[PDB]
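Dropping start.csv in here (CSV, C-alpha atoms and all ligand atoms):
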```csv
chain,number,residue,atom,x,y,z
F,1,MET,CA,119.6,75.0,-142.4
F,2,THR,CA,116.1,74.5,-141.2
F,3,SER,CA,114.1,71.3,-141.9
F,4,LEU,CA,111.9,73.3,-144.3
F,5,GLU,CA,115.0,74.5,-146.2
F,6,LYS,CA,116.4,71.0,-146.3
F,7,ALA,CA,113.0,69.7,-147.4
F,8,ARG,CA,113.0,72.0,-150.4
F,9,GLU,CA,116.6,70.9,-151.3
F,10,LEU,CA,115.5,67.3,-151.2
F,11,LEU,CA,112.4,67.9,-153.3
F,12,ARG,CA,114.6,69.6,-156.0
F,13,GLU,CA,116.5,66.4,-156.4
F,14,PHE,CA,113.5,63.9,-156.0
F,15,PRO,CA,110.2,65.8,-156.4
F,16,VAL,CA,106.7,64.6,-155.5
F,17,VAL,CA,104.8,62.3,-157.7
F,18,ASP,CA,101.3,63.2,-156.6
F,19,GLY,CA,98.7,60.4,-157.1
F,20,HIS,CA,95.5,62.3,-157.4
F,21,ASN,CA,94.6,66.0,-158.2
F,22,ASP,CA,91.1,66.9,-159.4
F,23,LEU,CA,91.9,70.1,-161.2
F,24,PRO,CA,90.1,68.8,-164.3
F,25,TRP,CA,86.8,68.3,-162.4
F,26,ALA,CA,87.2,71.7,-160.7
F,27,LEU,CA,87.7,73.4,-164.1
F,28,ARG,CA,84.6,71.5,-165.4
F,29,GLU,CA,82.4,72.6,-162.5
F,30,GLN,CA,83.8,76.2,-162.0
F,31,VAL,CA,84.1,77.4,-165.6
F,32,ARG,CA,83.0,74.4,-167.8
F,33,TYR,CA,86.6,74.1,-169.2
F,34,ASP,CA,87.0,77.8,-170.0
F,35,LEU,CA,90.7,77.6,-169.3
F,36,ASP,CA,91.3,81.3,-169.9
F,37,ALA,CA,89.0,82.0,-166.9
F,38,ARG,CA,91.3,79.9,-164.7
F,39,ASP,CA,94.6,80.2,-166.4
F,40,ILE,CA,97.1,78.1,-164.3
F,41,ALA,CA,99.9,80.2,-165.7
F,42,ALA,CA,98.5,82.9,-163.4
F,43,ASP,CA,97.7,83.0,-159.6
F,44,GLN,CA,94.5,81.0,-159.0
F,45,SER,CA,94.7,80.9,-155.2
F,46,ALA,CA,91.2,82.5,-154.9
F,47,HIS,CA,89.5,79.7,-156.8
F,48,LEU,CA,91.8,76.6,-156.8
F,49,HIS,CA,94.3,74.6,-154.8
F,50,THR,CA,96.3,74.3,-158.0
F,51,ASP,CA,98.3,76.4,-160.5
F,52,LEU,CA,101.7,76.1,-162.1
F,53,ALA,CA,103.6,78.5,-159.7
F,54,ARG,CA,102.3,76.7,-156.6
F,55,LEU,CA,103.1,73.3,-158.0
F,56,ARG,CA,106.7,74.4,-158.5
F,57,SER,CA,106.9,75.9,-155.0
F,58,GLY,CA,105.4,72.7,-153.7
F,59,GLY,CA,108.1,70.6,-155.3
F,60,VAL,CA,105.7,68.6,-157.5
F,61,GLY,CA,107.6,66.8,-160.3
F,62,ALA,CA,104.9,64.6,-161.6
F,63,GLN,CA,101.1,64.6,-161.3
F,64,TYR,CA,98.5,62.0,-162.0
F,65,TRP,CA,95.6,64.3,-163.1
F,66,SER,CA,92.3,62.8,-162.2
F,67,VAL,CA,89.7,62.4,-165.0
F,68,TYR,CA,87.0,61.6,-162.5
F,69,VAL,CA,83.3,61.9,-163.4
F,70,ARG,CA,80.2,61.4,-161.3
F,71,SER,CA,78.9,57.9,-161.1
F,72,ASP,CA,75.3,59.1,-160.3
F,73,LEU,CA,74.9,60.9,-163.7
F,74,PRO,CA,74.5,59.4,-167.1
F,75,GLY,CA,77.0,59.7,-169.9
F,76,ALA,CA,80.0,58.8,-167.8
F,77,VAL,CA,82.1,57.7,-170.9
F,78,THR,CA,81.5,61.0,-172.7
F,79,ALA,CA,82.3,63.0,-169.6
F,80,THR,CA,85.5,61.0,-169.0
F,81,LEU,CA,86.6,61.8,-172.6
F,82,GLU,CA,85.9,65.5,-171.8
F,83,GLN,CA,88.0,65.2,-168.7
F,84,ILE,CA,90.9,63.6,-170.7
F,85,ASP,CA,90.5,66.4,-173.3
F,86,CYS,CA,90.9,69.0,-170.5
F,87,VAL,CA,94.2,67.4,-169.4
F,88,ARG,CA,95.4,67.3,-173.0
F,89,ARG,CA,94.5,71.0,-173.4
F,90,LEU,CA,96.3,72.0,-170.2
F,91,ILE,CA,99.5,70.2,-171.4
F,92,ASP,CA,99.3,71.8,-174.8
F,93,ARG,CA,98.8,75.3,-173.3
F,94,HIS,CA,101.7,75.0,-170.9
F,95,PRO,CA,104.6,73.3,-172.7
F,96,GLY,CA,107.2,75.2,-170.7
F,97,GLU,CA,106.0,73.7,-167.4
F,98,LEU,CA,104.2,70.5,-168.3
F,99,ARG,CA,105.1,67.3,-170.2
F,100,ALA,CA,102.8,64.5,-171.1
F,101,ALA,CA,103.9,61.2,-169.5
F,102,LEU,CA,102.7,57.8,-170.5
F,103,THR,CA,105.6,55.7,-169.0
F,104,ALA,CA,108.1,55.6,-166.2
F,105,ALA,CA,110.7,56.6,-168.7
F,106,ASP,CA,108.7,59.7,-169.6
F,107,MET,CA,108.6,60.6,-165.9
F,108,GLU,CA,112.3,60.5,-165.7
F,109,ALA,CA,112.7,62.4,-169.0
F,110,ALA,CA,110.4,65.1,-167.6
F,111,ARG,CA,112.4,65.3,-164.4
F,112,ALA,CA,115.6,65.7,-166.3
F,113,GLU,CA,114.3,68.7,-168.3
F,114,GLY,CA,112.6,70.3,-165.3
F,115,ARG,CA,109.0,69.8,-166.5
F,116,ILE,CA,106.1,68.3,-164.5
F,117,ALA,CA,105.3,64.9,-165.8
F,118,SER,CA,101.6,64.9,-166.5
F,119,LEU,CA,99.7,61.6,-166.3
F,120,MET,CA,96.1,60.6,-166.0
F,121,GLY,CA,94.1,58.4,-163.7
F,122,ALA,CA,90.4,57.5,-164.1
F,123,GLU,CA,88.4,57.5,-160.9
F,124,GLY,CA,85.7,54.9,-160.9
F,125,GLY,CA,85.0,51.8,-163.0
F,126,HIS,CA,81.8,53.4,-164.2
F,127,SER,CA,84.1,55.3,-166.6
F,128,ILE,CA,84.3,52.1,-168.8
F,129,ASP,CA,80.6,51.3,-169.0
F,130,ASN,CA,81.1,47.6,-168.4
F,131,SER,CA,83.2,47.5,-171.6
F,132,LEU,CA,86.7,46.0,-171.8
F,133,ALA,CA,87.2,47.6,-175.2
F,134,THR,CA,86.3,51.0,-173.6
F,135,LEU,CA,88.9,50.3,-170.9
F,136,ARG,CA,91.5,49.7,-173.7
F,137,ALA,CA,90.4,52.9,-175.4
F,138,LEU,CA,91.0,54.9,-172.2
F,139,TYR,CA,94.5,53.4,-172.0
F,140,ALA,CA,95.1,54.3,-175.6
F,141,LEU,CA,94.1,57.9,-174.7
F,142,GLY,CA,96.7,58.0,-171.9
F,143,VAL,CA,94.9,56.8,-168.7
F,144,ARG,CA,97.4,54.9,-166.6
F,145,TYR,CA,95.4,54.0,-163.5
F,146,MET,CA,91.7,53.4,-162.7
F,147,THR,CA,90.1,53.5,-159.3
F,148,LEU,CA,87.8,50.5,-159.5
F,149,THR,CA,84.9,52.3,-157.9
F,150,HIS,CA,84.1,55.8,-156.6
F,151,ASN,CA,81.6,56.3,-153.7
F,152,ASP,CA,79.0,53.9,-155.0
F,153,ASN,CA,79.2,50.2,-156.0
F,154,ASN,CA,79.2,49.5,-159.8
F,155,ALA,CA,78.0,46.2,-161.3
F,156,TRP,CA,81.3,44.4,-160.7
F,157,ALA,CA,83.0,46.0,-157.7
F,158,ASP,CA,82.0,47.1,-154.2
F,159,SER,CA,82.7,50.6,-152.9
F,160,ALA,CA,83.8,51.2,-149.3
F,161,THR,CA,81.1,53.9,-148.9
F,162,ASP,CA,78.2,51.7,-150.1
F,163,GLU,CA,76.5,48.6,-148.8
F,164,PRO,CA,77.9,45.2,-149.7
F,165,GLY,CA,77.1,44.3,-153.3
F,166,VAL,CA,78.9,41.5,-155.1
F,167,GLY,CA,81.2,40.8,-152.2
F,168,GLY,CA,84.3,42.5,-153.5
F,169,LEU,CA,85.0,41.8,-157.2
F,170,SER,CA,82.6,39.8,-159.3
F,171,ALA,CA,83.8,37.4,-162.0
F,172,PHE,CA,83.7,40.3,-164.5
F,173,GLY,CA,85.4,42.5,-161.9
F,174,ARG,CA,88.4,40.0,-161.9
F,175,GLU,CA,88.4,40.1,-165.7
F,176,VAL,CA,88.7,43.9,-165.5
F,177,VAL,CA,91.7,43.6,-163.2
F,178,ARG,CA,93.2,41.0,-165.6
F,179,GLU,CA,92.8,43.3,-168.6
F,180,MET,CA,94.2,46.2,-166.7
F,181,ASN,CA,97.2,44.0,-165.9
F,182,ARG,CA,97.6,43.2,-169.6
F,183,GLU,CA,97.3,46.8,-170.7
F,184,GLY,CA,99.6,48.1,-168.1
F,185,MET,CA,97.0,50.2,-166.3
F,186,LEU,CA,97.5,50.4,-162.6
F,187,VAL,CA,94.7,49.1,-160.4
F,188,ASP,CA,93.8,51.8,-157.9
F,189,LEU,CA,92.1,50.6,-154.7
F,190,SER,CA,91.2,53.9,-153.2
F,191,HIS,CA,87.5,54.2,-152.6
F,192,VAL,CA,86.9,50.4,-152.8
F,193,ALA,CA,85.7,48.2,-150.0
F,194,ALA,CA,88.2,46.1,-148.0
F,195,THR,CA,86.7,43.0,-149.6
F,196,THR,CA,87.4,44.5,-153.1
F,197,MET,CA,90.9,45.3,-152.0
F,198,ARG,CA,91.6,41.7,-151.0
F,199,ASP,CA,90.0,40.3,-154.2
F,200,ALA,CA,92.1,42.7,-156.3
F,201,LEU,CA,95.3,41.7,-154.5
F,202,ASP,CA,94.4,38.0,-155.1
F,203,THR,CA,93.8,38.6,-158.8
F,204,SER,CA,96.4,41.2,-159.8
F,205,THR,CA,99.7,40.0,-161.2
F,206,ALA,CA,101.0,43.6,-161.1
F,207,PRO,CA,101.7,46.1,-158.3
F,208,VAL,CA,98.5,47.9,-157.3
F,209,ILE,CA,98.1,51.4,-155.8
F,210,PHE,CA,95.9,53.5,-153.6
F,211,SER,CA,96.0,56.9,-155.3
F,212,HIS,CA,94.6,58.7,-152.3
F,213,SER,CA,93.9,56.7,-149.1
F,214,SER,CA,95.3,56.9,-145.6
F,215,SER,CA,95.4,54.5,-142.6
F,216,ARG,CA,92.3,52.9,-141.1
F,217,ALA,CA,94.3,51.8,-138.0
F,218,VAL,CA,95.1,55.5,-137.4
F,219,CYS,CA,91.7,56.7,-138.3
F,220,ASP,CA,88.8,54.2,-138.6
F,221,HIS,CA,87.0,55.2,-141.8
F,222,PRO,CA,86.1,53.0,-144.8
F,223,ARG,CA,88.0,55.3,-147.1
F,224,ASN,CA,91.3,54.4,-145.3
F,225,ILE,CA,93.3,51.2,-145.7
F,226,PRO,CA,93.2,48.3,-143.2
F,227,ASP,CA,96.6,47.0,-141.8
F,228,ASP,CA,96.0,43.5,-143.2
F,229,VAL,CA,95.8,45.1,-146.7
F,230,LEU,CA,98.9,47.3,-146.1
F,231,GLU,CA,100.8,44.2,-145.1
F,232,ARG,CA,100.2,42.6,-148.5
F,233,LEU,CA,101.8,45.5,-150.3
F,234,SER,CA,105.4,44.4,-150.0
F,235,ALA,CA,104.5,41.0,-151.6
F,236,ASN,CA,102.4,42.7,-154.3
F,237,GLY,CA,105.0,45.4,-154.8
F,238,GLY,CA,102.5,48.2,-154.8
F,239,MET,CA,102.1,51.4,-152.9
F,240,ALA,CA,99.7,53.4,-150.8
F,241,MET,CA,99.6,57.1,-151.5
F,242,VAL,CA,98.5,59.0,-148.4
F,243,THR,CA,95.8,61.6,-148.7
F,244,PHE,CA,95.2,64.8,-146.8
F,245,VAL,CA,91.4,64.8,-146.6
F,246,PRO,CA,90.7,66.1,-143.1
F,247,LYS,CA,87.5,64.0,-142.6
F,248,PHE,CA,89.6,60.9,-143.3
F,249,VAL,CA,92.9,61.6,-141.5
F,250,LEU,CA,91.8,63.5,-138.3
F,251,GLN,CA,89.9,61.6,-135.7
F,252,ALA,CA,88.0,64.7,-134.6
F,253,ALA,CA,87.0,65.4,-138.2
F,254,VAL,CA,85.8,61.8,-138.8
F,255,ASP,CA,83.6,62.1,-135.7
F,256,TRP,CA,82.5,65.6,-136.5
F,257,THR,CA,81.3,64.5,-140.0
F,258,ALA,CA,79.5,61.5,-138.6
F,259,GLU,CA,77.7,63.7,-136.1
F,260,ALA,CA,77.0,66.3,-138.9
F,261,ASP,CA,75.5,63.5,-141.0
F,262,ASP,CA,73.4,62.2,-138.1
F,263,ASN,CA,72.1,65.7,-137.5
F,264,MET,CA,71.1,66.0,-141.2
F,265,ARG,CA,69.1,62.8,-141.0
F,266,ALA,CA,67.6,64.0,-137.7
F,267,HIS,CA,66.0,66.7,-139.7
F,268,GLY,CA,64.7,64.3,-142.3
F,269,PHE,CA,67.5,65.1,-144.9
F,270,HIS,CA,69.8,62.7,-146.7
F,271,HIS,CA,73.3,63.5,-145.5
F,272,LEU,CA,74.2,64.5,-149.0
F,273,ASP,CA,71.2,66.8,-149.5
F,274,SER,CA,72.4,70.2,-150.8
F,275,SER,CA,69.1,72.1,-150.9
F,276,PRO,CA,68.9,75.5,-149.2
F,277,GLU,CA,66.9,74.0,-146.4
F,278,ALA,CA,69.4,71.3,-145.8
F,279,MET,CA,72.3,73.8,-145.8
F,280,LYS,CA,70.4,75.8,-143.1
F,281,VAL,CA,70.4,72.7,-140.9
F,282,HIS,CA,74.1,72.0,-141.5
F,283,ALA,CA,75.0,75.7,-140.9
F,284,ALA,CA,73.3,75.5,-137.5
F,285,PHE,CA,75.3,72.4,-136.6
F,286,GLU,CA,78.6,74.0,-137.5
F,287,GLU,CA,77.5,77.1,-135.5
F,288,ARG,CA,77.3,75.0,-132.3
F,289,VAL,CA,80.1,72.7,-133.2
F,290,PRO,CA,83.0,74.2,-135.2
F,291,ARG,CA,84.7,72.1,-137.9
F,292,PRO,CA,87.9,70.6,-136.5
F,293,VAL,CA,91.1,71.4,-138.3
F,294,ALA,CA,93.9,68.9,-139.2
F,295,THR,CA,97.6,69.7,-139.5
F,296,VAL,CA,100.7,68.4,-141.2
F,297,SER,CA,101.3,66.4,-138.0
F,298,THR,CA,98.0,64.6,-138.6
F,299,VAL,CA,99.1,63.4,-142.1
F,300,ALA,CA,102.6,62.5,-140.7
F,301,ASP,CA,100.9,60.3,-138.2
F,302,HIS,CA,99.4,58.3,-141.0
F,303,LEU,CA,102.7,58.0,-142.9
F,304,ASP,CA,104.5,56.8,-139.8
F,305,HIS,CA,102.1,54.0,-139.2
F,306,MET,CA,101.8,53.1,-142.9
F,307,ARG,CA,105.6,53.0,-143.1
F,308,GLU,CA,105.7,50.6,-140.1
F,309,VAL,CA,103.1,48.2,-141.6
F,310,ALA,CA,103.6,48.5,-145.4
F,311,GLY,CA,107.3,49.5,-145.6
F,312,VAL,CA,109.0,52.6,-146.8
F,313,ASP,CA,109.1,51.2,-150.4
F,314,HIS,CA,105.4,51.0,-150.5
F,315,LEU,CA,104.3,54.6,-149.8
F,316,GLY,CA,103.5,57.7,-151.8
F,317,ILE,CA,101.5,60.9,-151.7
F,318,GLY,CA,98.1,61.6,-153.2
F,319,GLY,CA,96.9,65.0,-151.9
F,320,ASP,CA,93.4,65.1,-153.5
F,321,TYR,CA,93.9,68.8,-154.2
F,322,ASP,CA,90.9,70.4,-155.9
F,323,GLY,CA,88.9,67.3,-155.3
F,324,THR,CA,87.9,68.1,-151.7
F,325,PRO,CA,86.9,71.4,-150.0
F,326,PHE,CA,89.0,71.4,-146.8
F,327,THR,CA,92.7,71.0,-146.2
F,328,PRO,CA,95.0,70.5,-143.2
F,329,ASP,CA,96.8,73.6,-141.9
F,330,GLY,CA,100.2,73.7,-143.6
F,331,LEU,CA,98.8,71.8,-146.6
F,332,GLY,CA,96.3,74.5,-147.8
F,333,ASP,CA,97.2,74.0,-151.4
F,334,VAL,CA,99.7,72.3,-153.7
F,335,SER,CA,102.5,74.5,-152.5
F,336,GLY,CA,102.4,72.8,-149.1
F,337,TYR,CA,104.3,69.5,-149.6
F,338,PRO,CA,107.6,70.9,-148.2
F,339,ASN,CA,105.9,71.3,-144.9
F,340,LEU,CA,105.1,67.6,-144.8
F,341,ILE,CA,108.6,66.6,-145.8
F,342,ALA,CA,110.0,68.9,-143.1
F,343,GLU,CA,107.8,67.3,-140.5
F,344,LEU,CA,109.0,63.8,-141.6
F,345,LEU,CA,112.6,65.0,-141.4
F,346,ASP,CA,112.0,66.1,-137.8
F,347,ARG,CA,110.6,62.6,-137.1
F,348,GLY,CA,113.7,61.0,-138.3
F,349,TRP,CA,112.9,60.0,-141.9
F,350,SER,CA,116.1,59.6,-143.9
F,351,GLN,CA,116.8,61.4,-147.2
F,352,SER,CA,116.5,58.1,-149.1
F,353,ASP,CA,113.3,57.2,-147.3
F,354,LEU,CA,111.9,60.5,-148.5
F,355,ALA,CA,113.1,60.1,-152.1
F,356,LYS,CA,111.2,56.9,-152.2
F,357,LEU,CA,108.1,58.5,-150.7
F,358,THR,CA,108.1,61.3,-153.2
F,359,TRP,CA,109.6,60.0,-156.4
F,360,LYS,CA,111.2,56.5,-156.6
F,361,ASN,CA,108.3,54.3,-155.4
F,362,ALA,CA,105.9,55.7,-158.0
F,363,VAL,CA,108.3,55.3,-160.9
F,364,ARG,CA,109.2,51.8,-159.8
F,365,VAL,CA,105.5,50.8,-159.6
F,366,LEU,CA,104.6,52.2,-163.1
F,367,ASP,CA,107.7,50.5,-164.5
F,368,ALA,CA,106.5,47.3,-163.0
F,369,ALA,CA,103.0,47.6,-164.5
F,370,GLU,CA,104.8,48.1,-167.9
F,371,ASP,CA,106.9,45.0,-167.3
F,372,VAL,CA,103.9,42.8,-166.4
F,373,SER,CA,102.1,44.2,-169.4
F,374,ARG,CA,104.9,43.2,-171.8
F,375,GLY,CA,104.7,39.6,-170.6
F,376,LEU,CA,100.9,39.4,-170.8
F,377,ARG,CA,100.6,41.1,-174.2
F,378,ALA,CA,103.1,38.6,-175.6
F,379,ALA,CA,101.3,35.6,-173.9
F,380,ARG,CA,97.7,36.2,-175.0
F,381,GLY,CA,95.4,38.6,-176.9
F,382,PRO,CA,93.0,41.0,-175.3
F,383,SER,CA,89.8,39.8,-173.7
F,384,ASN,CA,86.5,39.9,-175.5
F,385,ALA,CA,84.5,38.8,-172.5
F,386,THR,CA,81.2,40.6,-171.5
F,387,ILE,CA,79.7,41.2,-168.1
F,388,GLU,CA,76.7,39.1,-169.2
F,389,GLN,CA,78.9,36.1,-169.9
F,390,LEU,CA,80.9,36.2,-166.7
F,391,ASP,CA,78.3,37.6,-164.2
J,401,LIG,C1,84.9,63.8,-155.7
J,401,LIG,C2,86.5,63.8,-155.9
J,401,LIG,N1,86.9,63.4,-157.2
J,401,LIG,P1,87.3,62.7,-154.7
J,401,LIG,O1,88.8,62.7,-155.0
J,401,LIG,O2,86.7,61.3,-154.7
J,401,LIG,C3,87.1,63.4,-153.0
J,401,LIG,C4,86.6,62.5,-151.9
J,401,LIG,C5,86.4,63.4,-150.6
J,401,LIG,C6,85.4,64.5,-150.5
J,401,LIG,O3,84.2,64.2,-150.9
J,401,LIG,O4,85.7,65.6,-150.0
J,401,LIG,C7,87.3,61.2,-151.7
J,401,LIG,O5,88.4,61.0,-152.4
J,401,LIG,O6,86.8,60.3,-151.0
J,402,ZN,ZN,88.4,60.1,-154.5
J,403,ZN,ZN,89.0,62.7,-157.1
```
Output the file's structure as structure tokens, nothing else.
Ligand SMILES: C[C@H](N)P(=O)(O)C[C@H](CC(=O)O)C(=O)O
Ligand SMILES: [Zn+2]
Ligand SMILES: [Zn+2]
Amino acid sequence: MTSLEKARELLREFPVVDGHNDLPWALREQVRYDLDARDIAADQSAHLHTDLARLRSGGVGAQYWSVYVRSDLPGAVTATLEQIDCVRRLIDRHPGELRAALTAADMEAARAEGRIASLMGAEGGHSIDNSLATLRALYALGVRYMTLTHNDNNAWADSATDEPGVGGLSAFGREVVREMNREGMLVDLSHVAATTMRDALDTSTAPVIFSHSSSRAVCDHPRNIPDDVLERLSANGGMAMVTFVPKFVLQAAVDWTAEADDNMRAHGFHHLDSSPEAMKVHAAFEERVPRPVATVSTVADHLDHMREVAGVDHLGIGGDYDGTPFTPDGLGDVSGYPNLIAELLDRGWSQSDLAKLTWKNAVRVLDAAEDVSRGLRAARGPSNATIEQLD
């Protein structure tokens, strides 16, 4: 059979545990959670990267649904609760295809019955409003990982896409990691600065993850992971879940975006300005310089290097579907995973290597977080520390 046919067979046995899908945010922005307007039980290809049929075609067996909220707007906690509510509603609306998962055991139970294990991951420490009790509340509601920062620094952690702040993690930042370790919430290092990555690895007593980050050695961009950090994963026991974002994985795209941003500033606009006037400037740039397109090969290049440095037992996949506008050819939506697996097969990846990449590593890591949590919960009570006291 073809590599694609083989890929589908392999995924039927050990499906993909995707680390970051922003369907909730997309639903929030597109229809303000009017789920009937974007029923994922129907074909949503015209509006979203995600729907149930495409997830099945793509071989997704577990999904960490992102409950991301903007860090540049007030009421982050309320918004996070609304994002969590959206995930809960989706699970309740589609019992035949989805199953809520809070543990590694739940993930296996879902796989055994043929349902997509649905977990939640918060994206940005701003979601806890400098409150450890709030962190515990999010865990109680089902959140199983939290990206320490999003695109901007918060009071206790530095973002890779912001200027240096506290120098990685502040004293309270380390306290947050300790509490996440005690609760059993995975520390997600995507988005954070390299300094923050190292501070988190020094502090965490549990395996950490990168829900959606690729290789900095392959593509030099702050959102990607440095080799020195990848090297520490084997000891930490964590995993880096490769992402598909073109402007992060394709060199030409990284350069194009940098030049597009410079062009915006050249016209007196902040590179993130979305006004009609700013859009005119960007449109003119794309007119003379077409946007480069990434491919499955681009993503495979990152996985090959990540495997060499981090090890096959420390890799995963975090597509970032519905969280980013552009996608690599062959990975246009959630139904594309088989194309990536086929490419890896053509590159010599073994069936067991691939089962680890898609399913086994993710389950091991969540189980490890649970194991570390059992020990810490029995050893001490929860922290009542405040950011004022520590910082
Ligand atoms: C804003 C989304 N929750 P995200 O998941 O943070 C997507 C970005 C890339 C982009 O803006 O396209 C990233 O992950 O770094
Ligand atoms: Zn992100
Ligand atoms: Zn996101």
(Q) Give me, as number ranges by chain, all polymer residues having an atom no more than 10 Å from residue 50 of chain F, counting only C-alpha atoms and skipping those fewer than 2 positions away in the same chain. (A) F: 21-23, 26, 40, 43-45, 47-48, 52-55, 321-322, 333-335
May I have the selected residues written with C-alpha atoms, as a PDB file, in the frame of the given file?
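Wrote out-v1.pdb, looks like this:
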```pdb
ATOM      1  CA  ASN F  21      94.600  66.000-158.200  1.00  0.00           C
ATOM      2  CA  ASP F  22      91.100  66.900-159.400  1.00  0.00           C
ATOM      3  CA  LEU F  23      91.900  70.100-161.200  1.00  0.00           C
ATOM      4  CA  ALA F  26      87.200  71.700-160.700  1.00  0.00           C
ATOM      5  CA  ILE F  40      97.100  78.100-164.300  1.00  0.00           C
ATOM      6  CA  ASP F  43      97.700  83.000-159.600  1.00  0.00           C
ATOM      7  CA  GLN F  44      94.500  81.000-159.000  1.00  0.00           C
ATOM      8  CA  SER F  45      94.700  80.900-155.200  1.00  0.00           C
ATOM      9  CA  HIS F  47      89.500  79.700-156.800  1.00  0.00           C
ATOM     10  CA  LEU F  48      91.800  76.600-156.800  1.00  0.00           C
ATOM     11  CA  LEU F  52     101.700  76.100-162.100  1.00  0.00           C
ATOM     12  CA  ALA F  53     103.600  78.500-159.700  1.00  0.00           C
ATOM     13  CA  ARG F  54     102.300  76.700-156.600  1.00  0.00           C
ATOM     14  CA  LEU F  55     103.100  73.300-158.000  1.00  0.00           C
ATOM     15  CA  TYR F 321      93.900  68.800-154.200  1.00  0.00           C
ATOM     16  CA  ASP F 322      90.900  70.400-155.900  1.00  0.00           C
ATOM     17  CA  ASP F 333      97.200  74.000-151.400  1.00  0.00           C
ATOM     18  CA  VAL F 334      99.700  72.300-153.700  1.00  0.00           C
ATOM     19  CA  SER F 335     102.500  74.500-152.500  1.00  0.00           C
TER      20      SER F 335
END
```
So which residues are near ligand ZN 403 (chain J), meaning at most 9 Å away with only C-alpha atoms and all ligand atoms counted, given back as a JSON list (two decimals) with C-alpha atoms, in the coordinates of the input?
```
[["chain", "number", "residue", "atom", "x", "y", "z"],
["F", 20, "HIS", "CA", 95.50, 62.30, -157.40],
["F", 21, "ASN", "CA", 94.60, 66.00, -158.20],
["F", 22, "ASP", "CA", 91.10, 66.90, -159.40],
["F", 23, "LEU", "CA", 91.90, 70.10, -161.20],
["F", 25, "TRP", "CA", 86.80, 68.30, -162.40],
["F", 66, "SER", "CA", 92.30, 62.80, -162.20],
["F", 67, "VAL", "CA", 89.70, 62.40, -165.00],
["F", 68, "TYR", "CA", 87.00, 61.60, -162.50],
["F", 69, "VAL", "CA", 83.30, 61.90, -163.40],
["F", 122, "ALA", "CA", 90.40, 57.50, -164.10],
["F", 123, "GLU", "CA", 88.40, 57.50, -160.90],
["F", 150, "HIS", "CA", 84.10, 55.80, -156.60],
["F", 212, "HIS", "CA", 94.60, 58.70, -152.30],
["F", 320, "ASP", "CA", 93.40, 65.10, -153.50],
["F", 321, "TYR", "CA", 93.90, 68.80, -154.20],
["F", 322, "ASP", "CA", 90.90, 70.40, -155.90],
["F", 323, "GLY", "CA", 88.90, 67.30, -155.30],
["F", 324, "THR", "CA", 87.90, 68.10, -151.70]]
```
**Q.** Distance criterion (only C-alpha atoms and all ligand atoms): nearest to ligand LIG 401 (chain J) out of F:352, F:373, F:130, F:190
**A.** F:190
**Q.** Distance of atom CA of residue 127 of chain F from atom CA of residue 145 of chain F, expressed in Å to one decimal place
**A.**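 Computed distance, atom CA of residue 145 of chain F to atom CA of residue 127 of chain F, equals 11.8 Å.
Here the question is which of F:103, F:236, F:213, F:195 gets nearest to ligand LIG 401 (chain J) using all atoms listed in the file, and that residue is F:213.
Minimum atom-to-atom distances from F:231, F:199, F:36, F:113 to residue 310 of chain F were compared using all atoms listed in the file, and the lowest value belongs to F:231.
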Q | Residues near segment 289-303 of chain F, cut-off 9 Å, only C-alpha atoms, skip fewer than 2 positions along chain, as a ChimeraX atom specification | A | /F:214-219,242-247,249-250,252-253,256-257,284-287,305-308,315-316,326-331,339-341,343-344,347
Could you save those same residues with C-alpha atoms as a compact mmCIF listing (two decimals), in the coordinates of the input?
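Contents of the output file part-v5.txt:
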```txt
# COMPACT_ATOMS: atom_id res chain seq x y z
CA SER F 214 95.30 56.90 -145.60
CA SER F 215 95.40 54.50 -142.60
CA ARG F 216 92.30 52.90 -141.10
CA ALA F 217 94.30 51.80 -138.00
CA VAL F 218 95.10 55.50 -137.40
CA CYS F 219 91.70 56.70 -138.30
CA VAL F 242 98.50 59.00 -148.40
CA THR F 243 95.80 61.60 -148.70
CA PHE F 244 95.20 64.80 -146.80
CA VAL F 245 91.40 64.80 -146.60
CA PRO F 246 90.70 66.10 -143.10
CA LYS F 247 87.50 64.00 -142.60
CA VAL F 249 92.90 61.60 -141.50
CA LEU F 250 91.80 63.50 -138.30
CA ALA F 252 88.00 64.70 -134.60
CA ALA F 253 87.00 65.40 -138.20
CA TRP F 256 82.50 65.60 -136.50
CA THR F 257 81.30 64.50 -140.00
CA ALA F 284 73.30 75.50 -137.50
CA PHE F 285 75.30 72.40 -136.60
CA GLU F 286 78.60 74.00 -137.50
CA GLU F 287 77.50 77.10 -135.50
CA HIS F 305 102.10 54.00 -139.20
CA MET F 306 101.80 53.10 -142.90
CA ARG F 307 105.60 53.00 -143.10
CA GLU F 308 105.70 50.60 -140.10
CA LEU F 315 104.30 54.60 -149.80
CA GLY F 316 103.50 57.70 -151.80
CA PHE F 326 89.00 71.40 -146.80
CA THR F 327 92.70 71.00 -146.20
CA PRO F 328 95.00 70.50 -143.20
CA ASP F 329 96.80 73.60 -141.90
CA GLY F 330 100.20 73.70 -143.60
CA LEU F 331 98.80 71.80 -146.60
CA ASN F 339 105.90 71.30 -144.90
CA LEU F 340 105.10 67.60 -144.80
CA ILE F 341 108.60 66.60 -145.80
CA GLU F 343 107.80 67.30 -140.50
CA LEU F 344 109.00 63.80 -141.60
CA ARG F 347 110.60 62.60 -137.10
```
Q) Pick from F:235, F:189, F:342, F:81: nearest to ligand LIG 401 (chain J), with all atoms listed in the file counted? A)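 Using all atoms listed in the file, ligand LIG 401 (chain J) sits closest to F:189.
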Q) For the atom pair atom CA of residue 4 of chain F and atom CA of residue 346 of chain F, what is the interatomic distance in Å to one decimal place? A)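 Rounded to one decimal, the two atoms are 9.7 Å apart.
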